[PDB]
Structures are given as structure tokens and as C-alpha cells.
Amino acid sequence: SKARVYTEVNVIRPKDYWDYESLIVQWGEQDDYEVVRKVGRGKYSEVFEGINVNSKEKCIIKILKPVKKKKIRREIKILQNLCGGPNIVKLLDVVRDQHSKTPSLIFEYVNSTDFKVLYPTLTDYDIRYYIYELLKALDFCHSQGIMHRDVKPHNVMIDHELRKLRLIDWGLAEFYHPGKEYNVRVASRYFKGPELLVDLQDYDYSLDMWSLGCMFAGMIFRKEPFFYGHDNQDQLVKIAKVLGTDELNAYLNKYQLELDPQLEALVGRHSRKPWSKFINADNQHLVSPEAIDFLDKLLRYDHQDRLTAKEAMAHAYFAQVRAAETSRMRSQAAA
Amino acid sequence: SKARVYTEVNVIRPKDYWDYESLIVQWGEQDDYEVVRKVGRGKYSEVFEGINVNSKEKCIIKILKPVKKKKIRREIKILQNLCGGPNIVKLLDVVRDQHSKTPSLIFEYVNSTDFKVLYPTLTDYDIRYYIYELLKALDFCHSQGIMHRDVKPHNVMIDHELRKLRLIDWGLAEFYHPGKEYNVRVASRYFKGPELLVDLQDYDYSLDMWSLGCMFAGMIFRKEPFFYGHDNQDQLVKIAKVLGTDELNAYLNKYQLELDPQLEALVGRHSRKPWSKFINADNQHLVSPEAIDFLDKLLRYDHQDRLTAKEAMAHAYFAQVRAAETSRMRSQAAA
Amino acid sequence: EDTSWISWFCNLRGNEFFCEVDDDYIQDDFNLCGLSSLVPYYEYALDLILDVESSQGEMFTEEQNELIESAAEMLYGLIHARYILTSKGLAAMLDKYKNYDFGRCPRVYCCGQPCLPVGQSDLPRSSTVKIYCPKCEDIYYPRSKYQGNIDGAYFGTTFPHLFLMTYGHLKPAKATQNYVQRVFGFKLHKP
Amino acid sequence: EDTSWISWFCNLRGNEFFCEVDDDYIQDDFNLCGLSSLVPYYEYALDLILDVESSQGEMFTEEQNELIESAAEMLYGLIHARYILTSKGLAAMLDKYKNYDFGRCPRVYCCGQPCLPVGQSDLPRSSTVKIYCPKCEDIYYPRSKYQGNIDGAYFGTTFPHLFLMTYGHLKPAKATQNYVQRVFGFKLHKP
Ligand SMILES: O=P(O)(O)O[C@H]1[C@H](OP(=O)(O)O)[C@@H](OP(=O)(O)O)[C@H](OP(=O)(O)O)[C@@H](OP(=O)(O)O)[C@H]1OP(=O)(O)O
Ligand SMILES: O=P(O)(O)O[C@H]1[C@H](OP(=O)(O)O)[C@@H](OP(=O)(O)O)[C@H](OP(=O)(O)O)[C@@H](OP(=O)(O)O)[C@H]1OP(=O)(O)O
Ligand SMILES: [Zn+2]
Ligand SMILES: [Zn+2]
């Protein structure tokens, strides 16, 4: 299996672009940044709000917890290659405590509200806008030969006041090399694609599109998480009860994969459930027919049959967002 | 025995003037004075240089070591009665530490050089001047019915730069009440008068004149102390070897006193030695015939035969000093 | 009941400033990065910590046995340093501070403000452990010999400072009064 | 040789901060002002310090003899307070400071600066004894229990401060280094 788009990005580009294990670690001055307070309590790295001592401009400080040196270089190299990109978090500097060499990544200041607190207050338009802004980030990183592999609400930071969206924490991101078999222990349980659950190791950028689909379903249907598995096996069972098992068997037969008999017994046999089943009076205002068609084209077992980020941006669901972006740049060119 | 002069001062003046034991102790604000450094290490009280926090004017702080409450009141009452007097140290305030009530006397700033270091550099004129200035202080306190009783080099402070002399430490001073018998454990050994050494308890102001004579002899003859006794008994022996024993017997017979046989054995029998005996090429410039006549009229066994401070100021030895002071008055009156 | 290495260790004289690092945190082989190298005896030192019967623990002489204990001690110390920083260990340390297990400030003008344990550097064998008083904001030496010898890196220059903003309410206000240098009721006149 | 009450007392655990107050100072009945009153068992405490055979020390029971020791201690402490202030006593204390008998500062940034003993007030039974570090210029609590209980008035708020202008050369310069609140090598935000 090879990606439908951006397949040879890392074959075309030189070894220095994707060879993160040989990256030179040019540290900056840890004295230049002063900590203010904790923010995120993730166990891979701790997050703090800080300031540049000179410019006094705020910033985010992400202190990395002891992992393999190559994992640190992977995140830094990816952040460097994507730096500046649309809606990608901007890495400003990489410093370490001068005696213990404890590394810290310096980013632009976020000032966001977490997805869980904010989404219950969003209109259908705001959902389309933010999904569109997220797709801009996904198309960019995919075009640069990189898969995020940890798409989830916590990793999408939104400052609703300023309508700014940033895709953060590239700790699990990886370079796409055509035909390469990757580790399946990526993404958060609820957002893991079928490829991870059935051991299809030569997955691609399309994995992020499944995770985006899971987030989208959780938003428009107001059910967080949409696929609520208690473990990795149950996660596939939850998916099979919605998408159906006939489509799962066709997908397994297409890629010559077979499930362990214990897992196949758990999945059982189920019909495909239409997305209309999940609509209720409390989520109706967020579920338009275009929303359903868009979601249906993301949540497919076959990774090669899912929309690309570019194809997703072109969907009729975002016609209003694209028209508003075109009207904004016309009224801003006059003012 | 009664004093030749100022006999009735404390009989004339009211009980409140001399009744120090009933003095009201009106303490000031200890916070108003800040210590700077130690100066004198006397064991009755410790001396320090300080400043008034308000005026910032320098001052001397004399902290009194635990003594009978009446001894504290005696020094304060005497300082109050003599305050302002010519060449008398000026008491400015009396304060104590607010929790331990440790008393401290506040005086005007001295800034003097001690007698021992200074006198080897003094001219005969400077000696006459300072002796005259000391006599002014003695006549004043005697006129106010008070005996200093501790006249010695350490208690005469001289700032030679400004030609200022002050008589300090009135801790041993006492009011003269005619005929009264006093304690003989006063004055420093080398300056104790014969009356203290033979237990004539009804002594008077003339005791200070003996002490002054001892200081004067030490100065003009450059021998410090002039009478160098190893103890109280030997002190009388040292005196008897200069003044003679025939004059001592006449003095003892006059006041119906008799020495203890062991003391009379120590004294033995000696002729009177003329003051010329003590002259040498190194002290000649300080010993004039007037100096000898003046000294001879101070160092007499009979306290009633010694010059008063007023009589001493009138001696021919001070004729040049009086002419310089009378010329200064004419010049100061016009300018 | 036989007290596991973790629970027992904390009760030794001077070594009480150590919280019980959860078994769930030691079995989490991810936190063990770096330690897997710089610390010798690694498997036999971790087997002793989890109290599992060693496959060659029987085969050691008196000479090897004593050293495994000292290696498990260095290990658990550096383990403790990373645990006290996590949101889980932060909670566990708070409780010992509540029951003043980390003593009280030797400076009189700090009233009786309790302190936080901290090592002079996050570097092993380089420094003994010290304390931090939040009221005065300075650092001091321990009060007992049994405490003043232990390596400080087993806490690091990160935990007391993290505890500060984690619990903002506990940060006390500065000294009410100031030291009066008084000799006989009179302040030292300094120009 | 028979160790007189003075010489023996100084060797007790925690009570070593006391210099041998000369007999030439106790037999000087002039310094004994005030003490002549406030001090319990006044004469029996003074016979005890000079080790003189008391005229009734025979008939004194377990309850009576015990109180004489407690009166002689309090007395000798207040005696010590006035002796250390005299030019004679000042010299004797200097020697114990030379051989660091008055410990060293618990503040780490004091580079191992020895301290001076001092009571919170020159008032008996009101306060325990504390120390003064000349480098930081602040006051702390003792390092041992045996020292941290003794009444401080036996030294007073006058002696360590007297020691300061008596020996000007010993006054050390301030701390070169200062405490840096670093969390992972990053200075704490003090706006
Ligand atoms: O890539 P390596 O140099 O082989 O080292 C890493 C890892 O260290 P890093 O995090 O520095 O990459 C381990 O090294 P230590 O923590 O023990 O120093 C090592 O452990 P071993 O020495 O026991 O082999 C492990 O080795 P292995 O590949 O055998 O598991 C290996 O893992 P990775 O190659 O997967 O990064
Ligand atoms: O309260 P105390 O500490 O016991 O003081 C007193 C008191 O001295 P103060 O009034 O200055 O405080 C008396 O002093 P004098 O009137 O004799 O000068 C005298 O009282 P006693 O006759 O009751 O003993 C005695 O001092 P001294 O023995 O020199 O006469 C002395 O009492 P102590 O002998 O107990 O110290
Ligand atoms: Zn403090
Ligand atoms: Zn200090």
C-alpha cells in the first residue's frame, strides 16, 4: 500500500530533509526564556506559559521527559520542516538546562480554550470553519511528507476569540516513505484507524483523515468520544457496529489481512448503520446533509478510499467557509 | 575637719538640690540615639561614640553597669546640677533599653586624645593652659558643693586641636556636707590623698587638689605616675619618701590620727626632698621656679593647707595664661 | 505483613522525606529512560525494589549483596525525583508537607514556616540534600545528620519550585517584622 | 584534678557555648548586683559554683539539693552574660569562635560562616538561645536539641553585636552568589 497523494516527497527530497536521527542539535540560550506557570500536564512533556526576557513576548515552553534521543530529534526536525506553515504551531527555539541538559521546546503563545469546554457553544458555521482550518494544516504537513499520527481534541488548540486554530504536539509525527511499515502503537485509542487495529503497517497520511473523521463525528453528534472502546480490541468492535462487518471483510480480503479468531468472534456480524441514526433534537442544528456526506467519505475502512485533506477542503460542506474566505479577502483588499 | 571654702553650700540650698536618693528618674527615648563604636573600656560603665538620630549630632554614650540605684541617681543629680558649667562634661539625656532597663547617659561628643599619648608633645605653655582650664572646672564644681573624687589623666579629656578640656566620669563624685564622714575607697591609687590613706573620713574639696598635684608633678617631671605605689600602704610610703615623715607626724598629731603599727613600720623615717631633685635635662623645659612653688603648695599632707582651686588659678604660674585669656576677652568682645 | 522495599525504606532515620513511589510508576518501563544506563546493577537493583525473588540473588556473596542494596537506594532516589514531578507524585508529596514531614525553617524571622526538600543539583553524588523555605525564599541545610548526608539529586532543583505554582495558596507572605540589630537598646548606626 | 562547677558544666552535651567565667570575676562581689535578688537560692547557688562546702548541704533532701543545681545554672548563665561583655570575657569568647565552637550558618549561601550565640532577649525564662550569622546578618535556631532548649538571656542581645565592633576584621563580606529559583533551568517569573 502506497499513499494516493504526496507519495514520493521523501524520495525526491535529500537525505538531510528526513534523516532526523542524524540531526545536529543546536541549542539556544535557556536564560533567554523565563517560566510563568504550568498549563498542560501531559506525561510525555510538561507545558508552561513563559516570556522571552528581551522582547517580553509571551511563549509556550514544552519540557520533554526522558525518551530516546532520536524521538527528540524527530519532533524537532518535523517542527523545523513545517515551521511557518498554515495553522502549524511555530517552533521558535530549542534550549536545555545547562547542567542536566533537560530539553525544552519554545513555541509561539497559544492562549486557547480546550476543545471539550468550547465545542458545546459552537455554531454549525464555527464547526465548518475550524474543521476547514484544521484541513489546511493537514494538507500542508502531508504535502511536506509528514503524518501527524496523534490527531485528537487536545492536540487542536483554538482561541475562539481570535478565530485562530493551531495543530500542536508533533511528538508522534513521522515522515512518510513509500512502502514503509510503521509501528501501530500511535494515536489515542478513540482516534485509532482500522489499519492500526488490524496490523496494516504500511499505512499513510490517510490515518490522520480517520482521526479527523472521529473528531468530526463527536462534534456534530455531540458524543465524545464517538467510538468509545474500553480497549484496543473493543475499539474495533465499536467501529464495526456502525460501519458494518461486510465492509470490514471486504477490506480485510482486499489487503489479505485476517483477524485473530478471538477478535473476529468479538466483532461478530453487524449491518451498516446510516449516519441519520445518530441525529437527535439536541444536535440537529449541526447535522446538515452535506455534513453526513462529508463524514461518510472520511470514515471508511479502506484508507485509500478516504478523502485527502485537499479533497476534503473542496467538499460542498465548506462552500460557505470558502465563500466567506473569498469575501473576507475582498473586503480586506478594499480596507 | 571642715572645708576652708564653700562650706555651707548644701546647708544653704534646699533638700532637693543634694537629695539624690529621692531623685525622679525621667528617662528619654533610647530610640533617639544610635551607637557607632566602643571607646572607653572602664568597668563601672562602657563608653561608645554615637549620634542623635534626629539632629545627627555626634555624642558619647556611657552605659552603666549594674550598681545600687542610688549610685546612678548620684551621678545624674551631680551632672544635672553642674550641667553647662565651664569645662564640665555636658549631660544631654538619660535613656534605657525598654525591656532590660539598662541605663545609658548621653553626653556631648568628646573627640579627645588621651593624656598619656598627648602630654609628651606638650610645651610648658600648653601644660599651664590645660591645668588652668582644669582648675576652672574644679572651682566650679566645688562652688556647687561637689567633690569629683576621681581626678586622674583618664578623666581629663583634651582635644588639643581645639584646645578644649573636659572633666568627665562623675561616677565617684559626692556632695560636700560640712563635717560629714565619707568612704575612703575613692580615687585611683596613684592619686589618693593622705586623708584616704590615714582614714581621715571628714575630708573635703581639697582631696581633688591633691590629685591635681599628683597629675601636675607627673606632667612637669615626665614621670607617670609620680607616686608609684604597688598597693594602698605602699602609696603612703612613696609619698613619705618625698614629703618627709616629720611633716606626716605633725599632720597626724594635728588631726589626732595614728597609723597602724605595721603601716608606721613601713613608712619608717625620711627627710623632705626638694622638688629640684626630680629635674633632669629631659624635663627642664617644663620646670620653672613658679611651677615648683605652685606644686609645693598643692602637695601638702594637711588638706587645709593646700591651695583652693580659686587660689591656684591666681598663682603667678598662670600669669601668662591669664594675660592670654584676658586679651582673648577684649578681642572677642569687639568681634 | 512484609513491608515492600518502598514502604520500609521511608521509615529509616533521616530517610523519611521520600514518598511511596507507586508500583504502577516503576512497572511503567517508559520513565526508566537514562536510568537504564548511568545506574549500575539495574535489573538486580529493580528486582530488590519490587521485592521479586532474584534468579541469582541467592548466588551472591556478603560482598555483592550489600552493594545491590546501595544500588537500589541510588535508583529509588532518582526514581523519586521523577515521580514527585508528575501530577500523581505531586499530590503524594503535598500530604507529607501537610504533616510537616519536611521540617520548619531555621531562620527565626520566618516564624515556623515548613520547608520543601531539594538537592543542590539534579546530578548524582555531586551534592547533599538541602531545604527551601518559601517564606524567606532562601535555601538551608537539614536539621539532622541522618538527613544532611543523603544525596540531593534524588529530589532535584525542580520540585520545590514546581510545588510553588501547583499550590499557589500555600505561598506565604513575607516576614511581618524585621531583625533589629540592637546593642543595649540602640541600633547599629550604619552610615 | 577536681573539675570546678564552671569547668565541668561547659562539657555537658549542648551546654558548650559557655566560656569559663573567671573566679576573679565571681569573687568580685560588685558584678553580682541585681542577681543578689532575682536569683533563687542566691547563696546556695554561689557556694555551689565556687564549690565551697555548704553549711547545710548535708540535710538537703532529694527535692532540695536538685533545686540548688537549677539555681546555680540560671545564675551562672546570667553571670556568663555579663562576663562575655567585659574586655576580659570578650577575649575568652573569641577563642571558642576561632575553633568554631559556635557552629556554622544553616543558610547554604553563607559559604560556611561560623555563628555567634545570642538570646532573643536579655530577659530570663522568656526565650531559648539562637545564633547570629555575621555574613547574612540574620538570626537562626541552633542545630542540636541540647543547644536549642537553653535560655538565651544567658548571652543577651548585646554580646554577638558587641563582638562585631570589637573585631572589625572578622566581619565578612556579603554573599557572592544568590539563590536562583530554577525550574528545569528556567528562572521563575517574578514580574
Ligand atoms: O539505539 P541504541 O543505541 O541501540 O539504544 C536504544 C536505547 O537508548 P537510546 O534511548 O539512547 O537510543 C537503549 O540504551 P540504554 O538506555 O540502555 O543506554 C538500548 O538498550 P540496550 O543497550 O540494552 O540494547 C536499546 O537497545 P535495543 O535496540 O537492543 O532494545 C536501544 O533501543 P532502540 O534502538 O529501539 O532505540
Ligand atoms: O534589693 P537588694 O538587691 O537586696 O538591695 C539592697 C539595698 O540596695 P538598693 O536600695 O540600692 O537596691 C540596700 O542598700 P543600702 O541602703 O544599704 O545602700 C541594702 O539592703 P539590706 O540592708 O536590706 O541588705 C543592701 O546593700 P548593702 O549590703 O551594701 O547594705 C542591698 O541588699 P543585698 O545585700 O541583698 O544585695
Ligand atoms: Zn523562611
Ligand atoms: Zn549567614
# chains A, B, ... in the order shown; residues from 1 in each chain; ligands from 1
>>> residues_near_ligand(ligand="ligand 2", cutoff="8 Å", atoms="only C-alpha atoms and all ligand atoms", output="list in words")
residues 67, 68, 69, 70 and 71 of chain B; 33, 34, 35, 36 and 37 of chain D
>>> residues_around(residues="segment 35-50 of chain B", least_positions_apart="5", cutoff="6 Å", atoms="only C-alpha atoms", output="tab-separated table (two decimals) with N, CA, C and O atoms, in the first residue's frame")
chain	number	residue	atom	x	y	z
B	58	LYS	N	26.90	64.17	66.72
B	58	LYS	CA	27.61	63.13	67.43
B	58	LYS	C	27.41	63.28	68.94
B	58	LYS	O	27.01	64.35	69.42
B	59	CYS	N	27.67	62.22	69.68
B	59	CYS	CA	27.50	62.21	71.12
B	59	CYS	C	28.27	61.05	71.74
B	59	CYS	O	28.72	60.15	71.03
B	60	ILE	N	28.42	61.07	73.06
B	60	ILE	CA	29.05	59.98	73.79
B	60	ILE	C	27.96	59.24	74.56
B	60	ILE	O	27.13	59.87	75.20
B	61	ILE	N	27.95	57.92	74.47
B	61	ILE	CA	27.00	57.09	75.18
B	61	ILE	C	27.76	56.31	76.24
B	61	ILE	O	28.68	55.57	75.93
B	62	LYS	N	27.39	56.50	77.50
B	62	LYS	CA	28.02	55.85	78.65
B	62	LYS	C	27.01	54.91	79.27
B	62	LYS	O	26.07	55.35	79.92
B	63	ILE	N	27.20	53.62	79.07
B	63	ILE	CA	26.28	52.61	79.56
B	63	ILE	C	26.72	52.15	80.92
B	63	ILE	O	27.81	51.64	81.06
B	64	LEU	N	25.86	52.29	81.92
B	64	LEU	CA	26.20	51.96	83.29
B	64	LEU	C	26.04	50.51	83.63
B	64	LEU	O	25.00	49.92	83.36
B	65	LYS	N	27.06	49.93	84.26
B	65	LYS	CA	27.00	48.53	84.69
B	65	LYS	C	26.22	48.44	86.00
B	65	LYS	O	26.40	49.29	86.88
C	186	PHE	N	20.05	50.12	71.46
C	186	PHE	CA	20.45	51.07	70.43
C	186	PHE	C	20.90	50.34	69.16
C	186	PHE	O	21.82	49.52	69.21
C	188	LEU	N	22.49	49.46	65.38
C	188	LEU	CA	23.86	49.67	64.90
C	188	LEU	C	23.81	50.78	63.90
C	188	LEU	O	23.19	50.59	62.85
C	189	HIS	N	24.42	51.94	64.20
C	189	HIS	CA	24.41	53.02	63.23
C	189	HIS	C	25.33	52.70	62.09
C	189	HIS	O	26.55	52.79	62.21
>>> interface_residues(of="chain D", to="chain B", cutoff="12 Å", atoms="only C-alpha atoms", output="PyMOL selection string")
chain D and resi 25+28-36+79+82-83+85-88+90+120-124+126+153+156-158+161-168
>>> write_last_selection(atoms="N, CA and C atoms", output="tab-separated table (two decimals), in the first residue's frame")
chain	number	residue	atom	x	y	z
D	25	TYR	N	36.23	37.02	88.72
D	25	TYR	CA	35.06	37.77	88.32
D	25	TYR	C	33.86	37.46	89.24
D	28	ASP	N	34.48	38.99	92.72
D	28	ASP	CA	34.30	40.43	92.55
D	28	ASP	C	32.81	40.61	92.79
D	29	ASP	N	32.46	40.80	94.07
D	29	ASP	CA	31.08	40.94	94.53
D	29	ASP	C	30.34	42.15	93.92
D	30	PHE	N	31.04	43.05	93.22
D	30	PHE	CA	30.44	44.21	92.58
D	30	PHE	C	29.57	43.85	91.35
D	31	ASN	N	30.00	42.89	90.53
D	31	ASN	CA	29.22	42.50	89.35
D	31	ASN	C	27.91	41.78	89.71
D	32	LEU	N	27.82	41.24	90.93
D	32	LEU	CA	26.68	40.46	91.44
D	32	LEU	C	25.45	41.31	91.78
D	33	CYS	N	25.38	42.57	91.33
D	33	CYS	CA	24.22	43.43	91.58
D	33	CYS	C	23.03	42.87	90.82
D	34	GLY	N	21.82	43.03	91.36
D	34	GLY	CA	20.61	42.57	90.67
D	34	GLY	C	20.37	41.09	90.82
D	35	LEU	N	21.40	40.29	90.49
D	35	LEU	CA	21.43	38.84	90.66
D	35	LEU	C	21.17	38.52	92.15
D	36	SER	N	21.74	39.36	93.06
D	36	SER	CA	21.55	39.31	94.52
D	36	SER	C	20.07	39.17	94.93
D	79	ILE	N	25.55	35.26	84.89
D	79	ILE	CA	26.90	35.62	85.23
D	79	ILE	C	27.68	35.70	83.89
D	82	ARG	N	27.14	38.77	81.62
D	82	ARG	CA	27.89	39.98	81.96
D	82	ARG	C	29.38	39.83	81.77
D	83	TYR	N	29.90	38.61	81.90
D	83	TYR	CA	31.33	38.37	81.74
D	83	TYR	C	31.75	38.49	80.29
D	85	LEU	N	30.63	40.34	78.11
D	85	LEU	CA	30.60	41.74	77.71
D	85	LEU	C	31.85	42.50	78.14
D	86	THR	N	32.47	42.11	79.27
D	86	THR	CA	33.69	42.78	79.73
D	86	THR	C	34.85	42.47	78.80
D	87	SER	N	35.82	43.38	78.72
D	87	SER	CA	37.01	43.24	77.87
D	87	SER	C	37.78	41.90	78.12
D	88	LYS	N	37.64	41.33	79.32
D	88	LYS	CA	38.26	40.07	79.72
D	88	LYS	C	37.50	38.90	79.09
D	90	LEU	N	35.36	39.04	76.61
D	90	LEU	CA	35.36	39.19	75.16
D	90	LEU	C	36.50	38.41	74.52
D	120	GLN	N	17.26	35.68	72.42
D	120	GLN	CA	16.22	36.53	71.83
D	120	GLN	C	15.97	37.82	72.64
D	121	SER	N	16.30	37.80	73.94
D	121	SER	CA	16.13	38.93	74.85
D	121	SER	C	17.03	38.75	76.08
D	122	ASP	N	17.50	39.86	76.68
D	122	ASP	CA	18.31	39.79	77.91
D	122	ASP	C	17.38	39.52	79.13
D	123	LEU	N	16.28	38.80	78.93
D	123	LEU	CA	15.30	38.55	79.97
D	123	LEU	C	15.15	37.06	80.22
D	124	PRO	N	15.37	36.62	81.46
D	124	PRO	CA	15.32	35.19	81.76
D	124	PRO	C	13.96	34.50	81.65
D	126	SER	N	12.16	33.80	79.29
D	126	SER	CA	11.30	34.31	78.23
D	126	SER	C	11.61	33.72	76.87
D	153	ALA	N	18.85	34.41	77.40
D	153	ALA	CA	19.25	35.55	78.24
D	153	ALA	C	20.63	35.38	78.87
D	156	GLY	N	22.34	37.27	75.91
D	156	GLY	CA	21.74	38.56	75.64
D	156	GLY	C	21.94	39.13	74.25
D	157	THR	N	21.03	40.04	73.84
D	157	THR	CA	21.05	40.75	72.56
D	157	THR	C	22.15	41.83	72.52
D	158	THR	N	23.20	41.66	73.31
D	158	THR	CA	24.24	42.63	73.44
D	158	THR	C	25.59	42.05	73.00
D	161	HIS	N	26.55	41.28	68.95
D	161	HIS	CA	26.62	42.61	68.39
D	161	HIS	C	27.85	43.37	68.93
D	162	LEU	N	28.27	43.10	70.17
D	162	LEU	CA	29.49	43.69	70.72
D	162	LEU	C	30.71	43.09	70.02
D	163	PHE	N	30.69	41.79	69.79
D	163	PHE	CA	31.74	41.08	69.11
D	163	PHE	C	32.02	41.67	67.72
D	164	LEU	N	30.96	42.21	67.05
D	164	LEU	CA	31.01	42.84	65.73
D	164	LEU	C	31.98	44.05	65.68
D	165	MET	N	31.81	45.08	66.56
D	165	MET	CA	32.72	46.26	66.53
D	165	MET	C	34.01	46.07	67.37
D	166	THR	N	34.13	44.95	68.08
D	166	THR	CA	35.32	44.63	68.84
D	166	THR	C	36.37	44.07	67.87
D	167	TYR	N	35.93	43.18	66.97
D	167	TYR	CA	36.77	42.55	65.97
D	167	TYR	C	36.22	42.91	64.59
D	168	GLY	N	36.58	44.09	64.09
D	168	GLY	CA	36.11	44.58	62.80
D	168	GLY	C	36.56	43.75	61.61
>>> closest_residue(among="D:106, D:119, D:185, D:142", to="ligand 4", atoms="only C-alpha atoms and all ligand atoms")
D:106
>>> closest_atom_pairs(of="chain C", to="ligand 3", cutoff="6 Å", atoms="only C-alpha atoms and all ligand atoms", output="Markdown table")
| residue | atom | partner | partner_atom_place_in_ligand_line | distance |
| --- | --- | --- | --- | --- |
| C:105 | CA | ligand 3 | 1 (Zn) | 5.2 |
| C:107 | CA | ligand 3 | 1 (Zn) | 5.9 |
| C:110 | CA | ligand 3 | 1 (Zn) | 4.0 |
| C:113 | CA | ligand 3 | 1 (Zn) | 5.8 |
| C:133 | CA | ligand 3 | 1 (Zn) | 4.6 |
| C:135 | CA | ligand 3 | 1 (Zn) | 4.4 |
| C:136 | CA | ligand 3 | 1 (Zn) | 3.8 |
>>> residues_around(residues="segment 235-238 of chain B", least_positions_apart="4", cutoff="9 Å", atoms="only C-alpha atoms", output="PyMOL selection string")
chain B and resi 189-190+192-194+197-198+227-231+242+263+266-268
